[PDB]
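Working notes, structure below.
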Amino acid sequence: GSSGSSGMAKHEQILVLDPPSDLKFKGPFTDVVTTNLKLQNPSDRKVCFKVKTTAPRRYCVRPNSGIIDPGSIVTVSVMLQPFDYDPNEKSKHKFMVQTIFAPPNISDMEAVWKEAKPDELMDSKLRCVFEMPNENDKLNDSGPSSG
Numbered sequence: 001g002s003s004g005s006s007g008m009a010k011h012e013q014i015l016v017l018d019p020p021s022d023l024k025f026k027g028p029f030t031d032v033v034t035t036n037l038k039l040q041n042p043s044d045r046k047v048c049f050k051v052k053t054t055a056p057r058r059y060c061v062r063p064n065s066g067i068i069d070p071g072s073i074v075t076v077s078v079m080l081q082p083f084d085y086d087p088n089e090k091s092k093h094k095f096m097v098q099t100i101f102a103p104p105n106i107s108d109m110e111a112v113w114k115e116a117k118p119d120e121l122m123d124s125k126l127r128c129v130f131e132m133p134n135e136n137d138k139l140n141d142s143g144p145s146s147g
C-alpha cells in the first residue's frame with residue numbers, strides 16, 4: 001500500500017474502510033468467491049454499519065450489518081456468486097457502505113437505521129475489482145523469505 005489520494009471531494013466518514021480505495025476480488029469467477037472486507041474504527045464509540053450494494057443478488061455479505069467496537073477492526077465475509085464474467089465489462093457495479101454512530105440505548109437496529117435521516121447518514125463510494133487467480137510468481141513476503 002501507498003498513501004495517495006486522487007482528487008479532493010466532500011465526504012464525512014468516521015469508519016475507515018479497508019481497503020479504503022477499492023476492494024479486490026480473488027477469482028475464479030466460474031465458482032464461489034470469497035472476499036474479506038476490513039473495517040477500521042478510529043472513533044472511540046460504537047458505530048453501526050449497513051452493507052448495501054447494487055448487486056445484492058450476486059453478493060453474499062455476512063454479517064450483513066452490525067456494530068464495530070471503538071478502536072477495532074472487523075472482517076466481513078463478502079462471497080461473490082459464480083456468474084459469467086466478461087473481460088470487456090463496464091464500470092457499472094458499485095459498493096456503497098453506510099456508517100453511523102450508535103446511541104447509548106441502541107437496542108433495536110431496524111429502528112435506528114429507520115429514524116436516521118439521509119442528511120446525517122454517512123456513506124462511502126467503493127468499487128469492487130474482479131481479479132483472476134492466475135498468479136505469476138508465488139508471494140510469501142515483501143522482503144525476507146523466512147516465515
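Its first residue numbered 1, the sequence shown is counted upward by one per residue in the authors' numbering. Cβ atoms here follow ideal geometry from the backbone N, Cα and C, with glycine treated the same way.
Exposed unless 16 or more other CB atoms sit within 10 angstroms - verdict on residue i
i, result
"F95", "buried"
"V78", "buried"
"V32", "exposed"
"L139", "exposed"
"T54", "exposed"
"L17", "buried"
"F49", "buried"
"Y59", "buried"
"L80", "buried"
Short Cβ contact (8 Å threshold) for residue i with residue j
i, j, result
"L15", "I67", "no"
"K46", "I106", "yes"
"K24", "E131", "yes"
"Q13", "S124", "yes"
"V112", "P104", "no"
"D22", "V129", "yes"
"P63", "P133", "no"
CB-CB length for residue i against residue j, believed under 8 Å
i, j, result
"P20", "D44", "The pair is not a contact, with the Cβ atoms about 20 Å apart (cut-off 8 Å)."
"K38", "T75", "6 Å"
"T30", "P82", "6 Å"
"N41", "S72", "6 Å"
Helix, strand or coil at residue i [DSSP, three-state]
i, result
"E131", "strand"
"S65", "strand"
"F29", "coil"
### Query
Could you give the uninterrupted runs of the beta strand (DSSP E) lying entirely in the region 76-115, keeping only those of 3 residues or more?
The region 76-115 contains these whole beta strand (DSSP E) runs: 95-101.
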